[PDB]
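In the structure tokens that follow, a single protein chain appears in two forms: structure 1, then structure 2.
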Structure 1
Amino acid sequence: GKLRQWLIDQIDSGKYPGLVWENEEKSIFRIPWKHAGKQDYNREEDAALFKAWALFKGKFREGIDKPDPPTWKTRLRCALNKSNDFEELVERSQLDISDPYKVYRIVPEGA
């Protein structure tokens, strides 16, 4: 399973604005989640994390495949949904604000 450490690395990297830890224990984080239809939407910035997952897993090849941010978003979402390593704290997510984000908890390796 690559998702757990890859995502932890992405947050720890500080390369994705808004992809940040919410506590110092590094067990809860925010992941920017902007709807791709908004005017506010900028693919280069708002799709960067989804694309990186597609690039990292080889499901998209720069220069060869047509860019498809909607598909990229679905892949990371479904991976998070089915992952036993991550749990959305849905009551804490902020999808209705100008810079929307979902909140995820990282499950301890024992549960």
Structure 2
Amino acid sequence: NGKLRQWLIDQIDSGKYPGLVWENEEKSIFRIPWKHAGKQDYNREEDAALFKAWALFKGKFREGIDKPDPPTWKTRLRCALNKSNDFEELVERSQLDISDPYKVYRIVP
């Protein structure tokens, strides 16, 4: 019983993250924005709030104690999805080289 699976579902269903949307009706495939940050400018990442949310939920960032580190927050979730058996990247559907890019992930039941 790991924490990432259900947490991530709740974030997509909430609709609080601009580009974090379902791609099918079954709610088993979804898009996650993935844009290369600027030099100390992480607002172009329309889902930067998502990476912060994961460090908050997991306690890896406690506001007022730790120094903000968005680049690291992004690496923690990248490595988390890669090593997860609950998610497989649909590399054929991922779109990294467009004006508003995203990865595509599917949920293994």
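Under this definition, the rigid core comprises the largest set of C-alpha atoms superposing within 1.5 Å between the forms. Shifts are known only where both forms have a C-alpha. Start at 1 and count along the sequence of structure 1; that gives the residue numbers used here.
For the list 43, 26, 77, 57, which one shows a CA move of 2 Å or more between the two structures after the core is fit? The only residue crossing the 2 Å threshold is 43.
Fitting the two forms on their rigid core, what distance in Å separates the Cα positions of residue 89 between the two structures? Reported C-alpha shift between the two structures: 0.7 Å at residue 89.
Superpose on the core, then tell me which runs of at least 3 consecutive residues have all their CA atoms shifted by 2 Å or more between the two structures. Moving regions between the two structures: 37-41, 43-46.
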